[PDB]
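Student: For reference, this is data.cif, and it has mmCIF, C-alpha atoms and all ligand atoms.
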data_data
loop_
_atom_site.group_PDB
_atom_site.id
_atom_site.type_symbol
_atom_site.label_atom_id
_atom_site.label_comp_id
_atom_site.auth_asym_id
_atom_site.auth_seq_id
_atom_site.Cartn_x
_atom_site.Cartn_y
_atom_site.Cartn_z
ATOM 1 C CA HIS A 1 0.000 0.000 0.000
ATOM 2 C CA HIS A 2 1.058 3.660 -0.702
ATOM 3 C CA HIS A 3 -1.338 5.054 2.041
ATOM 4 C CA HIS A 4 1.522 6.219 4.441
ATOM 5 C CA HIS A 5 1.340 9.920 3.142
ATOM 6 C CA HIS A 6 -2.249 10.329 4.630
ATOM 7 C CA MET A 7 -0.610 9.655 8.037
ATOM 8 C CA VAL A 8 -2.363 11.476 10.954
ATOM 9 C CA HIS A 9 -1.131 11.980 14.580
ATOM 10 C CA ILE A 10 -3.654 10.150 16.797
ATOM 11 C CA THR A 11 -3.881 10.744 20.565
ATOM 12 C CA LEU A 12 -6.076 8.899 23.079
ATOM 13 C CA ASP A 13 -9.025 10.596 24.818
ATOM 14 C CA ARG A 14 -8.696 9.853 28.617
ATOM 15 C CA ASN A 15 -12.367 10.803 29.199
ATOM 16 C CA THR A 16 -13.602 7.886 26.998
ATOM 17 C CA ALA A 17 -11.352 5.261 28.600
ATOM 18 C CA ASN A 18 -12.592 2.361 30.727
ATOM 19 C CA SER A 19 -11.698 3.259 34.333
ATOM 20 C CA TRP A 20 -9.035 0.466 34.542
ATOM 21 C CA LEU A 21 -6.939 1.811 31.651
ATOM 22 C CA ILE A 22 -3.606 3.603 32.086
ATOM 23 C CA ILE A 23 -2.825 6.087 29.281
ATOM 24 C CA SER A 24 0.705 7.469 28.997
ATOM 25 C CA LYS A 25 1.527 11.176 29.490
ATOM 26 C CA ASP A 26 1.980 11.640 25.680
ATOM 27 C CA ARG A 27 -1.521 10.020 25.148
ATOM 28 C CA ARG A 28 0.070 7.593 22.646
ATOM 29 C CA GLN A 29 0.111 4.337 24.719
ATOM 30 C CA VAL A 30 -2.536 2.484 26.749
ATOM 31 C CA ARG A 31 -2.517 -0.655 28.886
ATOM 32 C CA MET A 32 -4.781 -2.535 31.316
ATOM 33 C CA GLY A 33 -4.136 -1.683 34.975
ATOM 34 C CA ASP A 34 -4.533 -4.330 37.695
ATOM 35 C CA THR A 35 -7.320 -2.179 39.388
ATOM 36 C CA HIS A 36 -9.640 0.898 38.989
ATOM 37 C CA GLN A 37 -7.382 3.874 38.147
ATOM 38 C CA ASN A 38 -9.061 6.362 40.568
ATOM 39 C CA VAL A 39 -11.003 8.449 37.979
ATOM 40 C CA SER A 40 -14.648 9.686 38.262
ATOM 41 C CA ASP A 41 -17.279 7.941 36.075
ATOM 42 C CA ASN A 42 -18.921 9.785 33.163
ATOM 43 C CA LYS A 43 -21.341 8.979 30.333
ATOM 44 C CA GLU A 44 -18.462 8.675 27.757
ATOM 45 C CA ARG A 45 -16.504 5.830 29.452
ATOM 46 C CA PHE A 46 -16.745 2.309 28.029
ATOM 47 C CA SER A 47 -17.995 0.408 31.159
ATOM 48 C CA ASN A 48 -17.871 -3.332 30.231
ATOM 49 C CA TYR A 49 -14.649 -3.672 28.161
ATOM 50 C CA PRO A 50 -11.088 -2.210 28.189
ATOM 51 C CA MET A 51 -11.869 0.252 25.354
ATOM 52 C CA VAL A 52 -10.826 3.869 24.588
ATOM 53 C CA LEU A 53 -11.288 6.270 21.651
ATOM 54 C CA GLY A 54 -8.873 8.584 19.835
ATOM 55 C CA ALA A 55 -9.497 12.319 20.410
ATOM 56 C CA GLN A 56 -9.580 13.028 16.668
ATOM 57 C CA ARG A 57 -12.924 13.066 14.758
ATOM 58 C CA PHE A 58 -13.001 12.474 10.990
ATOM 59 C CA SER A 59 -15.923 13.396 8.661
ATOM 60 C CA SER A 60 -14.061 13.637 5.262
ATOM 61 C CA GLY A 61 -10.826 12.682 3.473
ATOM 62 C CA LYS A 62 -8.262 9.927 3.781
ATOM 63 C CA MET A 63 -6.543 9.080 7.109
ATOM 64 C CA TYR A 64 -3.862 6.502 8.041
ATOM 65 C CA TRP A 65 -2.261 5.483 11.367
ATOM 66 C CA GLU A 66 -0.298 2.527 12.813
ATOM 67 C CA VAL A 67 -0.634 0.630 16.096
ATOM 68 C CA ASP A 68 1.943 -1.646 17.813
ATOM 69 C CA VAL A 69 0.405 -4.894 19.167
ATOM 70 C CA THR A 70 3.713 -6.691 20.078
ATOM 71 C CA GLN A 71 3.264 -9.750 22.387
ATOM 72 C CA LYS A 72 -0.467 -9.227 23.011
ATOM 73 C CA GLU A 73 -2.835 -12.228 23.102
ATOM 74 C CA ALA A 74 -6.058 -10.224 22.554
ATOM 75 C CA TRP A 75 -7.048 -6.753 21.216
ATOM 76 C CA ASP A 76 -9.558 -5.003 18.935
ATOM 77 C CA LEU A 77 -8.589 -2.135 16.528
ATOM 78 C CA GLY A 78 -10.318 0.055 13.980
ATOM 79 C CA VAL A 79 -12.760 3.012 13.865
ATOM 80 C CA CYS A 80 -16.222 3.659 15.173
ATOM 81 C CA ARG A 81 -19.001 6.223 15.070
ATOM 82 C CA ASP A 82 -18.720 9.016 17.628
ATOM 83 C CA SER A 83 -22.213 7.970 18.890
ATOM 84 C CA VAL A 84 -21.553 4.232 19.612
ATOM 85 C CA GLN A 85 -23.035 2.790 22.821
ATOM 86 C CA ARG A 86 -20.614 3.100 25.821
ATOM 87 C CA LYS A 87 -22.515 1.187 28.594
ATOM 88 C CA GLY A 88 -23.426 -2.496 28.891
ATOM 89 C CA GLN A 89 -22.824 -5.429 26.535
ATOM 90 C CA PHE A 90 -22.677 -5.056 22.726
ATOM 91 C CA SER A 91 -21.196 -6.694 19.595
ATOM 92 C CA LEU A 92 -18.547 -5.055 17.387
ATOM 93 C CA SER A 93 -20.363 -4.798 14.023
ATOM 94 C CA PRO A 94 -21.061 -2.183 11.342
ATOM 95 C CA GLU A 95 -24.755 -2.293 12.445
ATOM 96 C CA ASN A 96 -23.582 -1.041 15.907
ATOM 97 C CA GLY A 97 -21.197 1.563 14.324
ATOM 98 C CA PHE A 98 -17.837 -0.299 14.458
ATOM 99 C CA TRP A 99 -15.344 -1.230 11.661
ATOM 100 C CA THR A 100 -12.784 -3.400 13.464
ATOM 101 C CA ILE A 101 -10.521 -6.483 13.431
ATOM 102 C CA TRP A 102 -9.292 -8.428 16.422
ATOM 103 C CA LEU A 103 -6.993 -11.127 17.784
ATOM 104 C CA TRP A 104 -8.661 -13.663 20.128
ATOM 105 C CA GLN A 105 -7.539 -17.219 21.103
ATOM 106 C CA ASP A 106 -4.818 -17.487 18.457
ATOM 107 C CA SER A 107 -7.086 -16.414 15.522
ATOM 108 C CA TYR A 108 -7.664 -13.104 13.736
ATOM 109 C CA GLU A 109 -11.249 -12.080 12.765
ATOM 110 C CA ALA A 110 -12.965 -9.069 11.134
ATOM 111 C CA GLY A 111 -15.915 -7.596 13.106
ATOM 112 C CA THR A 112 -18.660 -8.312 10.545
ATOM 113 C CA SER A 113 -21.968 -9.857 11.726
ATOM 114 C CA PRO A 114 -21.313 -12.695 11.919
ATOM 115 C CA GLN A 115 -17.487 -12.357 12.206
ATOM 116 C CA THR A 116 -15.161 -13.243 9.313
ATOM 117 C CA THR A 117 -12.031 -15.457 9.601
ATOM 118 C CA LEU A 118 -8.832 -13.632 8.540
ATOM 119 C CA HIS A 119 -5.861 -15.450 6.875
ATOM 120 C CA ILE A 120 -2.579 -13.982 8.196
ATOM 121 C CA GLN A 121 0.635 -16.032 7.588
ATOM 122 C CA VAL A 122 2.941 -13.589 9.519
ATOM 123 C CA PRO A 123 1.468 -12.653 12.974
ATOM 124 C CA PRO A 124 1.570 -8.838 12.960
ATOM 125 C CA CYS A 125 3.492 -6.746 15.488
ATOM 126 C CA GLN A 126 2.199 -3.466 13.895
ATOM 127 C CA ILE A 127 -1.165 -2.866 12.119
ATOM 128 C CA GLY A 128 -1.872 -0.034 9.643
ATOM 129 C CA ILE A 129 -5.445 1.393 9.540
ATOM 130 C CA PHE A 130 -6.610 3.325 6.465
ATOM 131 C CA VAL A 131 -9.954 5.198 6.249
ATOM 132 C CA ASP A 132 -11.335 6.754 3.041
ATOM 133 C CA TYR A 133 -14.436 8.609 4.246
ATOM 134 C CA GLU A 134 -15.774 9.542 0.814
ATOM 135 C CA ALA A 135 -15.245 6.051 -0.664
ATOM 136 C CA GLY A 136 -16.756 4.282 2.427
ATOM 137 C CA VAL A 137 -13.587 2.131 2.983
ATOM 138 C CA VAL A 138 -11.734 0.924 6.094
ATOM 139 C CA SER A 139 -8.658 -1.227 5.371
ATOM 140 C CA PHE A 140 -6.124 -2.971 7.604
ATOM 141 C CA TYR A 141 -2.485 -3.715 6.662
ATOM 142 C CA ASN A 142 0.197 -6.019 8.158
ATOM 143 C CA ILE A 143 3.254 -3.688 8.623
ATOM 144 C CA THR A 144 5.384 -6.708 9.821
ATOM 145 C CA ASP A 145 4.738 -8.400 6.394
ATOM 146 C CA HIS A 146 5.691 -5.553 3.957
ATOM 147 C CA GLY A 147 2.248 -3.873 4.321
ATOM 148 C CA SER A 148 0.215 -6.880 3.051
ATOM 149 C CA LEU A 149 -3.604 -6.460 3.093
ATOM 150 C CA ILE A 150 -5.440 -8.026 6.070
ATOM 151 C CA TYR A 151 -9.033 -6.905 5.421
ATOM 152 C CA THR A 152 -11.136 -4.237 3.634
ATOM 153 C CA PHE A 153 -14.628 -3.138 4.718
ATOM 154 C CA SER A 154 -16.235 -1.527 1.660
ATOM 155 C CA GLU A 155 -19.673 0.025 1.095
ATOM 156 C CA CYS A 156 -19.351 1.370 4.672
ATOM 157 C CA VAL A 157 -22.326 3.423 5.937
ATOM 158 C CA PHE A 158 -20.436 5.554 8.559
ATOM 159 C CA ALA A 159 -23.566 7.673 9.319
ATOM 160 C CA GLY A 160 -21.569 10.062 11.536
ATOM 161 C CA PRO A 161 -18.145 11.381 12.447
ATOM 162 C CA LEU A 162 -15.540 8.596 13.001
ATOM 163 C CA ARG A 163 -13.123 8.137 15.895
ATOM 164 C CA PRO A 164 -10.101 5.806 16.165
ATOM 165 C CA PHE A 165 -11.132 2.791 18.302
ATOM 166 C CA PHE A 166 -8.942 0.621 20.611
ATOM 167 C CA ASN A 167 -9.481 -2.352 22.950
ATOM 168 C CA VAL A 168 -6.393 -3.552 24.923
ATOM 169 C CA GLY A 169 -8.322 -6.752 25.899
ATOM 170 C CA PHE A 170 -8.737 -8.395 29.289
ATOM 171 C CA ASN A 171 -5.786 -9.960 31.075
ATOM 172 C CA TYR A 172 -7.361 -13.041 32.736
ATOM 173 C CA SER A 173 -4.373 -15.198 31.479
ATOM 174 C CA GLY A 174 -1.573 -12.971 32.798
ATOM 175 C CA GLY A 175 -0.187 -13.006 29.212
ATOM 176 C CA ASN A 176 -1.978 -9.911 27.818
ATOM 177 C CA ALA A 177 -0.624 -7.008 29.986
ATOM 178 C CA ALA A 178 1.372 -5.398 27.150
ATOM 179 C CA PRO A 179 0.235 -1.977 25.840
ATOM 180 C CA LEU A 180 -1.206 -0.792 22.538
ATOM 181 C CA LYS A 181 1.118 1.953 21.204
ATOM 182 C CA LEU A 182 0.526 4.507 18.428
ATOM 183 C CA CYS A 183 3.628 4.270 16.176
ATOM 184 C CA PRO A 184 5.493 7.395 15.073
ATOM 185 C CA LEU A 185 5.119 8.785 11.515
HETATM 186 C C1 LIG B 1 -14.288 -8.166 19.663
HETATM 187 N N1 LIG B 1 -14.128 -9.547 20.114
HETATM 188 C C2 LIG B 1 -12.847 -9.875 20.737
HETATM 189 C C3 LIG B 1 -12.521 -11.310 20.606
HETATM 190 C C4 LIG B 1 -13.650 -12.281 20.852
HETATM 191 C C5 LIG B 1 -14.958 -11.826 20.275
HETATM 192 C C6 LIG B 1 -16.014 -12.719 20.091
HETATM 193 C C7 LIG B 1 -17.225 -12.301 19.575
HETATM 194 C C8 LIG B 1 -17.404 -10.957 19.249
HETATM 195 S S1 LIG B 1 -18.930 -10.369 18.587
HETATM 196 N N2 LIG B 1 -19.004 -10.838 17.057
HETATM 197 O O1 LIG B 1 -19.999 -11.018 19.283
HETATM 198 O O2 LIG B 1 -18.857 -8.936 18.585
HETATM 199 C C9 LIG B 1 -16.376 -10.051 19.429
HETATM 200 C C10 LIG B 1 -15.145 -10.462 19.946
HETATM 201 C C1 LIG B 2 -16.312 -6.678 22.637
HETATM 202 N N1 LIG B 2 -16.478 -8.059 23.088
HETATM 203 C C2 LIG B 2 -17.856 -8.567 23.088
HETATM 204 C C3 LIG B 2 -17.957 -9.940 23.672
HETATM 205 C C4 LIG B 2 -16.849 -10.842 23.176
HETATM 206 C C5 LIG B 2 -15.524 -10.233 23.532
HETATM 207 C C6 LIG B 2 -14.430 -10.992 23.941
HETATM 208 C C7 LIG B 2 -13.223 -10.397 24.271
HETATM 209 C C8 LIG B 2 -13.086 -9.004 24.192
HETATM 210 S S1 LIG B 2 -11.559 -8.207 24.620
HETATM 211 N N2 LIG B 2 -10.751 -7.816 23.289
HETATM 212 O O1 LIG B 2 -11.936 -6.996 25.293
HETATM 213 O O2 LIG B 2 -10.761 -9.155 25.347
HETATM 214 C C9 LIG B 2 -14.171 -8.228 23.812
HETATM 215 C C10 LIG B 2 -15.394 -8.824 23.471
#
Represent the structure from my file as structure tokens, please.
Ligand SMILES: CN1CCCc2ccc(S(N)(=O)=O)cc21
Ligand SMILES: CN1CCCc2ccc(S(N)(=O)=O)cc21
Tutor:
Amino acid sequence: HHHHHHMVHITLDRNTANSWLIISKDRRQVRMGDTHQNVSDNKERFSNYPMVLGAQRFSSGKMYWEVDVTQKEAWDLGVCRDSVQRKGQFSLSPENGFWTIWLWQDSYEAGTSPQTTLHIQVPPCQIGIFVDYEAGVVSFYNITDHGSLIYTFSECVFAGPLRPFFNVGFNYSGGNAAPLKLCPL
């Protein structure tokens, strides 16, 4: 892919974070803490899952960013509507306003309804996310494997401003404590 030149500087929005997340001072890294992180509750915070949004909102144009997932066992990445549900249980699907992929139990899947099996020969350590608002496209790229395509959602019906979306995953196993990191341009 030659999408690198639409690169955007993403930062995480603390106010949207699940109360157990720890976001770095530069707002470029997030990990699961071992307890509640001593913040007040608010209507923006994802309550049920270790999720957080980017601060940036996109309503036009082409955008690209990269995320480091080194040595994680579980995570979700992509974009979502600004108005997605924050409280209670929900599925990651385009019907619910999410365009995402994930790693879970040693397999990669795209968040369609129902979910789609991905075919990745080289487990990624960094993921590239490309959004073309006008075209209705969200694409994912394997930066570890020379930028190879992972998945494209096309005919997307965004129906609102988009925000970068992150889930660091639970750490029931003790093997998923590592952070998500936004990679430099
Ligand atoms: C997002 N994520 C993480 C890994 C396991 C899993 C299983 C089902 C679903 S779903 N299709 O119900 O949203 C989502 C999901
Ligand atoms: C979002 N969702 C819905 C239910 C299935 C499932 C499983 C694992 C995770 S995760 N990535 O937070 O560990 C999330 C999730």
Student: For residue 125 of chain A, work out the shell of residues within 9 Å, counting all atoms listed in the file and skipping chain neighbours fewer than 2 positions away, then give it as a list in words.
Tutor: residues 67, 68, 69, 70, 71, 72, 123, 127, 142, 143 and 144 of chain A
Student: Grab all the atoms of ligand LIG 1 (chain B) that the file lists, wrap them in a box along x, y and z, add 4 Å per side, and give me centre plus edge lengths in Å (one decimal) as JSON.
Tutor:
{"center_x": -16.3, "center_y": -10.4, "center_z": 19.0, "size_x": 15.5, "size_y": 12.6, "size_z": 11.8}
Student: I'd like to know which of A:166, A:158, A:58, A:20 is closest to ligand LIG 1 (chain B), using all atoms listed in the file.
Tutor: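 Nearest to ligand LIG 1 (chain B): A:166.
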Student: As an exercise, work out the distance from atom CA of residue 103 of chain A to atom CA of residue 176 of chain A in Å and give it to one decimal place.
Tutor: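 Between atom CA of residue 103 of chain A and atom CA of residue 176 of chain A the gap works out to 11.3 Å.
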Student: Using all atoms listed in the file, which residues have at least one atom no more than 12 Å from ligand LIG 1 (chain B)? Output them as a PyMOL selection string.
Tutor: chain A and resi 49-51+73-78+89-117+165-170
Student: Which residues match the PyMOL selection byres (((chain A and resi 82) around 8) and not hetatm) in the file above, as a list in words?
Tutor: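 Taken over the shown coordinates, the PyMOL selection byres (((chain A and resi 82) around 8) and not hetatm) returns residues 57, 80, 81, 83, 84, 160, 161, 162 and 163 of chain A.
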Student: Residues near residue 28 of chain A, anyone? I mean within 9 Å using only C-alpha atoms, not counting same-chain ones fewer than 6 positions away, as a compact mmCIF listing (two decimals) with C-alpha atoms, keeping the file's coordinate frame.
Tutor:
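To be explicit, this is the file written out as selection_33.txt:
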# COMPACT_ATOMS: atom_id res chain seq x y z
CA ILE A 10 -3.65 10.15 16.80
CA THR A 11 -3.88 10.74 20.56
CA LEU A 12 -6.08 8.90 23.08
CA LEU A 180 -1.21 -0.79 22.54
CA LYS A 181 1.12 1.95 21.20
CA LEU A 182 0.53 4.51 18.43
CA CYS A 183 3.63 4.27 16.18
Student: With all atoms listed in the file as the atoms that count, which of A:38, A:1, A:174, A:55 lies nearest to residue 130 of chain A?
Tutor: A:1
